[PDB]
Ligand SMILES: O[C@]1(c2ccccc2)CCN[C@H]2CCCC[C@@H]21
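Take a look at this single chain, the form solved without the named molecule, given in structure tokens.
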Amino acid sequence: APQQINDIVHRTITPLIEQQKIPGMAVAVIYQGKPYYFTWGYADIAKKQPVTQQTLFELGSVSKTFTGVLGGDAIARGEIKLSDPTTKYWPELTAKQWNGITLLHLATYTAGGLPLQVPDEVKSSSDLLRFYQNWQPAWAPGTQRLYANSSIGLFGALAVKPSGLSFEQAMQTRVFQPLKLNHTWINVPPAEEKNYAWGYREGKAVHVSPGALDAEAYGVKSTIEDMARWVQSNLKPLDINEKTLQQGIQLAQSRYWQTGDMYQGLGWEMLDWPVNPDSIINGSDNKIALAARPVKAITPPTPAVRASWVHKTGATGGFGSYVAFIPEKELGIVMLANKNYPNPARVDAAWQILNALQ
């Protein structure tokens, strides 16, 4: 890799691993549409397995970007419309609070207060129905944004309903396969377990636990190589031959709502570039990213803006991931660590690296 890129990455990630005590990490910088890899530490401390470009990391909420794109693909295919009411795909959902709550609302966390987490007690299919039937909106739809798994997660499940495929099957056939993301999984097979890093929480090795809507909200695991590929596809959707997928990617980068200087897409969150570091850096901290905020509707949504900082943070008990790209500069970065460390530290490092490359 150009010594230029090598220097900036090393000078930035080395002190980060040191200060955040990250056991293992993999970084991918996409520069001029070409990827460059870097890896540090351990995937498995106990078994002394090093992190490699084949190591699988939990993407956590970065999985939401795949869901947003898969939903975008369904829209492109004419299977669903973001303007359709939620009940069109789940008629069993008869509670009157759902009146006026659309797929757009579920996809963008603006349904009216759906919670961040689906309760642990909610498992069966009838349990989820009851959960949603009983839920009480604190606000009218399309007024307030509250980041939530139960919101975009439901969107993912309903979105693949017409395809007749299971969420996982739809995701593989419609997104992973076409993009050649061959080491990206919702459920990692026995054969790949050897490459699955252990997450570390308070020094204990852990992996994400099963949950309702987990696949749709935070259950994807991937390698630094496949995530580099995921970035390139999102930086250049026109390079994709599958019409509906290409279109799906564009739809996920459209700006539907605005809060502060952030714009909500389907899974991805965007900001006008050049962006102010302190603004995306502090804007990422969970003190802001997860709070209740009023949103302004973008009527109609602004189609994907090439000059934007497109990104998403992701976390699980044991993992911390981050993805950010600038379509206009054919520039991007993927950071995958097996420790959940502060978001601001991720964004800060990401910005130092990309800003230094234009």
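Quick note: we count residues from 1 along the sequence shown, nothing fancier. Shifts are known only where both forms have a C-alpha. In this text, rigid core is short for the largest set of C-alphas that superpose within 1.5 Å between two forms.
What comes next is about the form solved in complex with the named molecule, which is not displayed.
For the candidate set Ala228, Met171, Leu106, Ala159, a heavy atom within 4.5 Å of the named molecule in the bound PDB entry is found for exactly one residue, namely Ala228. At a distance threshold of 4.5 angstroms between non-hydrogen atoms, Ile30 is in contact with the named molecule in the bound PDB entry. For the chain shown alone, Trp40 is not a contact residue for the named molecule in the bound PDB entry, no non-hydrogen atom being within 4.5 angstroms. The protein segment that moves between the shown form and the other one, counted as a run of at least three consecutive residues with every Cα displaced by 2 Å or more relative to the fitted core, is 288 to 290 alone.
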